[PDB]
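Visitor: Here it is, the structure in full.
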Amino acid sequence: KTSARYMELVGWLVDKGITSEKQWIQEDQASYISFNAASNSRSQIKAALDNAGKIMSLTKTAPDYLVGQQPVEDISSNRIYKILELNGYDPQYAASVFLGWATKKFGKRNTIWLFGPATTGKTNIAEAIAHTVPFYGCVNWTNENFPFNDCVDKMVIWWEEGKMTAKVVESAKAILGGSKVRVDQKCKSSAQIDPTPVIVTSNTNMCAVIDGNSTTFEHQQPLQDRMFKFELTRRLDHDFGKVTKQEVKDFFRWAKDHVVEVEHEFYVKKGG
Amino acid sequence: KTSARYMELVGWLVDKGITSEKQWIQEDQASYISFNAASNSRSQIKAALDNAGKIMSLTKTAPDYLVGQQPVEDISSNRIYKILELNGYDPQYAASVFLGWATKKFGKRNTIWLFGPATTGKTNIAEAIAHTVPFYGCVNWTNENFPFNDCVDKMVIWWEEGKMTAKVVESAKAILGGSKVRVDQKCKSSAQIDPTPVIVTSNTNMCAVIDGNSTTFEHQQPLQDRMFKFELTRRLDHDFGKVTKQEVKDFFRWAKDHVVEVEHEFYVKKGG
Amino acid sequence: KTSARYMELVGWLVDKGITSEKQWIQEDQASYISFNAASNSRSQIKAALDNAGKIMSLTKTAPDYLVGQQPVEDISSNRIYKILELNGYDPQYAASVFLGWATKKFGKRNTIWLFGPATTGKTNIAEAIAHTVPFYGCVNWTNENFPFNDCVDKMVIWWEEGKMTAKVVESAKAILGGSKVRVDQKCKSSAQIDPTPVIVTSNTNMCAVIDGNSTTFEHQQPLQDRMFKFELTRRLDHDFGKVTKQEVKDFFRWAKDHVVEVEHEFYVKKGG
Amino acid sequence: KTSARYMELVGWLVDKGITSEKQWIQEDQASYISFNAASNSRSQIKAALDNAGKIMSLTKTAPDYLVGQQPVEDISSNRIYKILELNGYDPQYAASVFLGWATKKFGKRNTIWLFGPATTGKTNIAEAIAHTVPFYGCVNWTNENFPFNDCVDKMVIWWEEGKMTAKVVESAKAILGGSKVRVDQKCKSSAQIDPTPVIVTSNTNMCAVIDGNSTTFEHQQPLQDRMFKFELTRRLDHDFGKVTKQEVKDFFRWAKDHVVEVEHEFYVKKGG
Amino acid sequence: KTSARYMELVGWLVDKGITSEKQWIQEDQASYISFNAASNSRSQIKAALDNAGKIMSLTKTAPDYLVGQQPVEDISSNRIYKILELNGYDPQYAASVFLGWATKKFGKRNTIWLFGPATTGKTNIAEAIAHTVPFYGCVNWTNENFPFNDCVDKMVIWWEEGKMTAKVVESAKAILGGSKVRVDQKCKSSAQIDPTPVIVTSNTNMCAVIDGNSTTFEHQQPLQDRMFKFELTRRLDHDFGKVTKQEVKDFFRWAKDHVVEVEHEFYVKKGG
Amino acid sequence: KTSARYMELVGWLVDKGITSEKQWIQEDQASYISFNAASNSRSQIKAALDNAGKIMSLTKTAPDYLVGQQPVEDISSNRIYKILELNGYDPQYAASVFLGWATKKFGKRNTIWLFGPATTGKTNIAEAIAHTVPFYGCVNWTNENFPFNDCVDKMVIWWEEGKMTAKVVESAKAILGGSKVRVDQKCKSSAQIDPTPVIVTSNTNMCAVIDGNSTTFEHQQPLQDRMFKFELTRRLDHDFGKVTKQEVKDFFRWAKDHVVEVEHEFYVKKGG
Amino acid sequence: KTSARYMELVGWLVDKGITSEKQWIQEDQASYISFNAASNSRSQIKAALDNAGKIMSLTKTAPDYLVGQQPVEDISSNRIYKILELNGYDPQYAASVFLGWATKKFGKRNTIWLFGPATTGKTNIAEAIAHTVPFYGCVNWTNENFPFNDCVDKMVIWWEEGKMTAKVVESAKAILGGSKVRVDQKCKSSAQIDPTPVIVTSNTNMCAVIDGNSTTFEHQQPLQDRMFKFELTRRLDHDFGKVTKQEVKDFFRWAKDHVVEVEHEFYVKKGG
DNA sequence: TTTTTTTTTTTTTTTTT
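Protein sequences appear in the order of chains A, B, C, D, E, F and G.
The first sequence begins at 219 in the UniProt record's numbering and counts up one residue at a time.
The second sequence begins at 219 in the UniProt record's numbering and counts up one residue at a time.
The third sequence begins at 219 in the UniProt record's numbering and counts up one residue at a time.
The fourth sequence begins at 219 in the UniProt record's numbering and counts up one residue at a time.
The fifth sequence begins at 219 in the UniProt record's numbering and counts up one residue at a time.
The sixth sequence begins at 219 in the UniProt record's numbering and counts up one residue at a time.
The seventh sequence begins at 219 in the UniProt record's numbering and counts up one residue at a time.
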């Protein structure tokens with residue numbers, strides 16, 4: 219009276235691919251109600267969801283969720299196209315750089331930073347990128363005792379608040395080049411972080427490592443060599459976002475299709 | 219077995235719009251009594267009510283109950299228009315601002331602050347609007363530990379007590395500008411907030427942020443540009459309020475039928 | 219197995235209007251001991267009592283089950299009128315004020331404050347009134363920063379002894395004129411005190427406010443404008459009172475049988 | 219099912235001489251093992267004992283179950299007569315005083331205080347009184363935060379050592395005066411102490427009131443008009459006392475037989 | 219069958235000389251095997267042993283294990299007699315004092331403080347006297363946070379190292395003077411104490427009181443007027459002692475056979 | 219079914235060398251779905267895996283898995299061989315030292331301290347060795363309360379970052395050299411550590427002991443006497459990894475085949 | 219039901235001499251997994267382990283493990299002869315002293331101490347003696363707050379470090395001197411140690427007693443004239459230790475079969 | 001046919017400190 223129920227729940231979770239609570243809430247609430255009525259023991263469903271998430275992360279990496287199964291159709295049918303056109307950035311070169319940074323094959327280069335206002339198509343694009351990947355780590359400096367937290371076995375590490383802290387410079391340097399390092403999470407819990415691309419959204423400077431109560435500038439060369447900086451100037455307009463999933467999938471497919479040459483230096487010569 | 223019963227209970231809770239035990243006892247009390255008699259474990263009904271509320275907050279909006287299916291076909295039939303012409307404000311402009319702040323037709327601008335003593339009738343209108351929306355929250359800024367405690371998955375955010383706190387200004391600005399944000403809630407909870415229309419009612423100026431024990435003024439530019447400020451000079455009569463749901467529905471219908479353009483401004487003009 | 223028992227208990231609690239376990243223990247004993255022997259958890263009885271209290275307070279009021287249909291059949295059949303005449307107060311004016319306080323509709327005026335001897339035959343009357351009505355909030359000075367704690371969901375509120383504090387003055391000011399305001403309570407919790415008619419018994423200067431460690435007289439004009447002062451001087455005999463439900467019902471009936479105009483004012487002039 | 223067992227247990231606790239854990243263990247020893255074997259849950263027996271104690275303390279006074287139906291025949295039959303002769307008290311006068319103090323007919327003169335060493339025989343009398351009635355309150359002033367700890371819902375209270383503070387003098391004045399009032403007990407809670415007759419046995423002056431950090435005796439007129447003081451002089455002999463129960467019942471019956479006039483003051487006429 | 223099994227277990231624990239778990243397993247071993255074969259939860263045997271111990275402590279007392287079963291009438295039949303003769307004490311007077319202190323015929327005086335080395339027979343004799351009785355208390359003054367530990371109704375209260383703390387001296391005085399008292403136990407436990415004979419075995423002056431972190435002699439007069447003094451100025455030979463049950467039985471028999479007079483004062487006045 | 223399923227799970231854990239949950243998930247993935255479809259009870263599988271891990275840690279060691287099963291084939295063409303040849307380290311001497319430190323043949327010399335930059339290649343080799351073996355401890359120094367982590371019974375104890383502490387220097391010395399000491403974990407329980415080969419990797423000065431809140435070098439003689447210090451300064455190229463289990467097995471087999479008389483000494487000499 | 223399982227567990231624990239879960243898993247792991255799969259409750263196993271420990275400690279001592287069960291007739295051949303020749307003491311005299319200390323026939327003389335540098339054959343012999351007997355206490359001085367914590371009802375008290383404290387001097391005197399005494403350990407816990415053999419492993423200032431917050435030698439005589447003290451100088455080699463059980467058994471048999479004269483004195487002559 | 005409760009494992013604290 220429990221084996222078949224657990225099997226059906228695991229099958230439904232694998233067929234739907236749930237990652238949180240509101241998702242399954244707006245999806246199909248009949249299975250959840252049936253499970254709650256049959257037994258309030260949420261341990262089984264929690265373990266099943268954890269196993270499903272682990273299998274999806276360790277197997278379905280970032281590119282696995284980037285290559286759209288449908289045809290690319292056209293690149294002009296996405297808001298990112300006109301956004302970059304108004305901002306002024308190379309589409310093919312930017313797509314190639316993003317692919318190289320997400321594939322982790324570049325080596326010590328695995329981090330992108332943006333400098334400019336948030337109204338220039340930054341917050342919307344960051345939210346769209348975070349919502350695209352099903353497993354993403356939203357790291358925030360809400361707890362100074364442990365900065366890095368939700369970012370173990372994920373796909374994209376979002377940095378929308380503050381900058382890189384100085385108390386965990388080793389972890390940041392290891393993640394910049396796709397490496398790993400044992401970092402502490404909550405109270406008594408040291409775990410290793412796997413190679414996961416990081417994207418910044420905060421309107422600050424990634425090089426400005428916050429230490430104690432000021433900024434430190436001692437390892438600017440490695441931070442610049444392991445991170446690609448994109449300057450922002452010309453702001454956007456009104457209602458210049460609303461990035462969906464089909465547009466991102468088509469953009470990723472187009473980027474994977476045509477690939478150009480990419481360098482491996484800080485001073486990126488954007489001239490594709 | 220219990221799956222059908224749980225599905226029926228969820229459907230009933232969704233169609234009844236229950237928000238707590240009081241509403242459940244007022245509406246259908248037989249189901250609650252039967253569930254309590256069959257088993258004291260209120261975990262099932264609690265989870266069902268939570269899921270129903272989350273679904274209603276993520277799907278239900280304003281036209282579901284704020285806009286009536288049939289308009290009033292007149293103007294001299296509801297005390298709302300009487301109180302409006304007594305206070306002295308633009309009817310079409312006010313309706314447009316209300317529809318833009320509730321239905322969300324722009325983005326940043328998504329807040330309203332109507333100041334008025336306990337005699338101009340604004341308090342009665344605010345209480346009626348709060349009672350209309352069952353899934354609303356009276357986020358009272360009295361407790362200096364967790365202010366935002368009634369704005370997560372709600373219909374309206376009533377601000378009738380207290381001004382603003384300087385400790386959490388980012389979350390307030392994000393809620394005013396229609397977007398998500400993280401608030402330092404409990405020790406093991408801090409999710410985002412869904413874009414919910416916020417209406418102010420306290421006589422104290424909400425723009426004056428309260429920091430610990432002092433008042434700030436530099437943080438007034440965004441608080442003023444992300445909302446519409448209105449003032450009520452003339453009072454009312456002998457108990458003129460207690461607006462019901464039919465009156466609000468008729469007013470919303472009349473607005474949707476007759477609405478001009480919407481302007482982006484903070485200081486209300488002397489017209490209307 | 220227990221649905222019938224739960225429904226019977228709920229019906230009995232709604233009929234007898236029981237609010238505490240002591241009342242039910244004193245009244246029905248067969249069903250009580252039967253439920254105790256059956257279910258070893260008081261969750262059912264607690265839920266039944268909560269539902270009964272909600273239906274009696276939120277939906278119902280007090281005079282509905284307080285104004286007995288059996289008139290007094292004469293001018294004065296007890297000693298309440300004799301005590302009132304010995305104290306020195308307006309007859310028709312006092313009756314009108316009492317009817318307005320019981321019904322609540324004569325503007326914001328809905329509170330009485332007594333002052334005089336510490337035993338002017340009022341303690342026994344207050345105790346009898348509290349014992350008769352099933353819903354009564356006894357405001358005690360147990361808490362330091364949160365003195366007001368027995369005013370949410372109640373028919374009448376009684377102020378024992380001690381001067382009003384300054385930590386929660388807005389709640390009292392709102393309850394005086396029927397308004398409401400959300401204030402904090404224990405540790406990490408804020409609620410809105412439901413407006414309820416309040417009566418003060420402490421002869422001390424209740425108009426004064428205890429602010430931290432001083433006596434402020436600022437909150438005096440609104441308190442006097444929203445309340446009626448009763449200056450007590452001449453006391454009664456030895457425990458002159460013994461008010462019962464029948465006496466209160468007869469008084470309410472004889473007062474409703476003859477209603478006159480009301481003179482809203484703070485100073486209750488004894489002469490004329 | 220368990221209704222019959224619960225009814226039998228209640229009847230036993232009522233008319234079997236069971237009031238505490240030790241008393242119940244000494245009464246029916248096999249009943250405890252039988253109840254433990256029939257059910258491993260002591261909640262039923264705990265609730266039964268609580269209900270029995272409440273019914274015996276609240277509604278049930280004390281003399282009704284401590285006044286034998288047979289006279290004392292001759293006053294020279296117990297050690298109480300010798301103690302009274304050695305101390306100095308009028309037979310009929312003391313009997314009438316005790317009757318009035320136990321019946322609470324004076325309205326406010328329901329208090330007794332003794333001013334004499336422990337060697338006079340006060341300790342033995344207090345021990346006999348405590349052993350007689352099964353229930354009794356024991357107020358210990360060892361902790362200022364919890365003055366009245368053992369006296370809620372009782373018939374006779376015994377003041378061991380220590381004096382009464384000045385933080386809750388109103389509670390003591392209402393208890394000794396034949397009234398009631400909320401009193402702060404443990405867990406920052408407020409309990410109710412009905413007019414329970416109290417008797418003091420310590421040798422220290424009980425008139426001293428500890429207010430904050432001083433000793434004041436302002437409460438003199440009420441303490442004299444609501445209590446009766448008795449000064450002791452002569453002591454007793456080595457190994458004397460050990461008052462039983464039948465002797466107390468016979469003495470109470472003899473006192474009830476001869477009832478005369480009782481004065482109204484603090485210093486009772488020490489004569490006869 | 220539960221009641222019959224409980225009664226059989228109680229009878230076995232009573233007629234097998236069982237105190238709890240240690241002695242229960244020492245005397246018999248098949249009881250646990252039978253219990254495991256019948257049931258599994260040790261709560262049954264725990265409650266059985268608790269009830270057996272409570273009954274043994276209530277009914278029987280000290281004399282239950284003092285007088286032997288077979289008369290002997292001889293002073294050279296035990297080692298305690300030779301020890302007391304070598305130390306310099308009258309055998310008849312010592313036996314009379316022991317017989318008078320065992321039954322507690324004096325009342326006020328029921329304690330004797332012994333101060334002397336261990337080679338003369340102090341710690342060994344104390345441990346033998348403590349183990350002679352099945353239920354005994356060990357109020358070892360080792361933790362300032364725990365005044366009286368094991369001593370809730372016992373036959374003999376053995377005191378080893380440590381002195382009474384200036385905070386619960388009244389409880390010790392009442393226990394020594396044949397009376398009860400309430401002493402705080404653990405964080406959530408506190409029971410009274412029954413008048414049980416107490417014997418000290420401190421190597422120093424036990425009359426001293428431990429006040430906070432110093433020594434004070436405030437309660438020395440009561441301890442001197444209610445307790446005798448014993449000094450061990452001599453020393454016995456090596457390889458001696460062993461106070462079995464037959465020795466104590468013969469000693470008590472000889473004491474009861476030879477009864478004289480006992481004096482009451484500070485020092486030990488061996489006059490009889 | 220329960221016993222058979224538990225036995226099958228234990229056998230699978232012993233065969234596949236399961237240690238954690240994610241490992242078994244990635245390994246025998248069909249077993250998880252089979253157990254979910256058969257029943258719902260993760261406690262059984264958790265206990266089985268815990269018992270299997272405990273057995274493997276208490277019975278197995280390092281040489282049980284370090285020994286290969288076929289010829290080493292490569293002698294100096296592999297990546298590790300090329301790195302060792304370019305670093306100027308003795309191949310045979312290094313292999314003999316590793317065999318003596320892992321196989322426990324040295325006994326008194328079972329500690330290695332690698333000092334130098336991070337790009338030398340020691341960090342990557344240590345991480346690969348830790349990830350290859352199943353059970354392994356990560357004794358880090360992130361908190362000042364838990365000096366050790368999961369080192370109790372393991373194959374290799376990797377010291378990523380941090381330095382030795384002072385509150386428990388005996389435990390660290392016993393874990394490194396191979397002594398004994400009863401370590402005390404939290405305030406609940408504790409346990410010792412089994413002689414497991416420890417390998418250090420932190421580039422910081424490991425000899426710097428953290429005493430309270432300062433740096434002390436008093437506990438350096440034990441390390442100098444029972445530990446070889448190797449200065450790893452010669453950096454490598456740019457991410458030179460690609461380490462498998464077959465290569466490590468071949469290297470261990472070649473080392474075992476080429477073993478002579480290892481020279482014991484703190485500072486590394488020119489014997490290469 | 220569980221009678222057969224309990225009997226089987228008791229028989230296995232008595233046969234294999236199991237003293238904990240580790241020993242049970244090492245001797246017979248099949249029954250452990252069988253019981254874990256056929257029953258989740260551990261009450262039966264806990265009771266069996268407690269009974270085994272009681273039977274092995276209470277009804278045992280030191281000499282019980284002296285004369286081995288297998289004759290070997292070994293004298294000078296194992297590492298014991300080498301350690302004796304390196305320490306500089308008479309083998310026959312040392313064996314006789316060890317036998318006398320294990321049998322406890324010298325009254326106060328019941329302890330052995332051996333001073334030396336560090337790894338001078340003392341730690342090896344200490345660890346061998348600790349691992350020989352399956353039941354013993356490891357009174358580690360890692361927590362000076364509770365020294366004598368794990369040694370109650372044991373066979374050998376191992377002292378691998380720390381020094382002698384003044385807070386538990388009575389227990390140490392009773393153990394080394396052969397007596398019994400109760401001492402308070404943790405919060406609400408008293409332990410009584412019996413005359414149990416003690417073996418020291420460290421070479422610290424054992425004579426210096428830690429009193430309050432400093433060192434004192436007040437117990438010079440009680441700590442000197444109560445045990446046999448010896449001095450060492452010549453150390454050993456590397457990997458030349460780890461005394462097994464066969465050598466210890468042979469030495470014990472040789473000492474039991476070869477007994478000479480033992481002089482009662484602390485300052486033992488250098489060379490028996 | 002016939003039930004329908006074996007303990008359904010009815011669900012569990014606050015603690016573990």
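Ideal placement from N, C-alpha and C gives every residue a C-beta, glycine not left out.
Could you tell me which chain F residues have their CB closer than 8 angstroms to the CB of residue 206(A), listed as they occur along the chain?
Guide: Outside the displayed range of chain A (219 to 490) lies residue 206(A), so it cannot be described from this structure.
Visitor: Please give me, in chain order, every unbroken run of the beta strand (DSSP E) with length at least 3 that falls completely inside the region 388-453 of chain A.
Guide: Qualifying beta strand (DSSP E) stretches, in chain order: 400-402, 408-410, 416-418, 427-429, 432-434, 446-449.
Visitor: Buried or exposed: which applies to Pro365(E), given that a residue is buried once 16 or more other Cβ atoms fall within 10 Å of its Cβ?
Guide: Buried: at least 16 other Cβ atoms inside 10 Å.
Visitor: Given a cut-off of 9 angstroms, decide if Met373(G) and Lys278(G) are closer than it, judged by their beta-carbon atoms.
Guide: Yes, Cβ-Cβ distance for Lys278(G) and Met373(G) is below 9 angstroms.
Visitor: Have a look at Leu267(B) and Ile393(C) and give me their C-alpha separation to the nearest angstrom.
Guide: So the alpha carbons of these two residues sit roughly 32 angstroms apart.
Visitor: Hey, could you find the ends of the alpha helix (DSSP H) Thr350(E) is sitting in?
Guide: Its alpha helix (DSSP H) spans residues 341-350.
Visitor: Taking beta-carbon pairs under 7 angstroms, can you tell me which members of the region 444-457 of chain C lie near chain D?
Guide: Going along the region 444-457 of chain C in chain order, one finds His456, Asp457 with a Cβ nearer than 7 angstroms to chain D.
Visitor: DSSP on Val486(G), reduced to helix/strand/coil?
Guide: It is coil, neither helix nor strand.
Visitor: Flag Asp368(E) as yes if its beta-carbon sits less than 9 angstroms from any beta-carbon of chain G, otherwise no.
Guide: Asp368(E) counts as touching chain G.
Visitor: Once DSSP output is grouped into helix, strand and coil, what is the label at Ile375(D)?
Guide: Looking at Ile375(D) - three-state DSSP - the assignment turns out to be strand.
Visitor: In chain A, which residues lie less than 9 angstroms from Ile273(B) when you measure between Cβ atoms?
Guide: Here the neighbours are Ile243, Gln244, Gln247.
Visitor: Could you tell me which residues DSSP pairs with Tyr354(C) in its beta bridges?
Guide: Per DSSP, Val374(C).
Visitor: Any beta-carbon of chain E closer than 9 angstroms to the one on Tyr250(D)?
Guide: Closer than 9 angstroms to some Cβ of chain E, the Cβ of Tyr250(D) qualifies, so yes.
Visitor: Establish whether the CB of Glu362(G) and some CB of chain F are separated by less than 9 angstroms.
Guide: Not one chain F Cβ lies under 9 angstroms of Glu362(G).
Visitor: Less than 6 angstroms between C-beta atoms, sequence neighbours within five positions excluded: which residues of the same chain meet that for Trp472(F)?
Guide: Taken in chain order, the residues that qualify are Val290.
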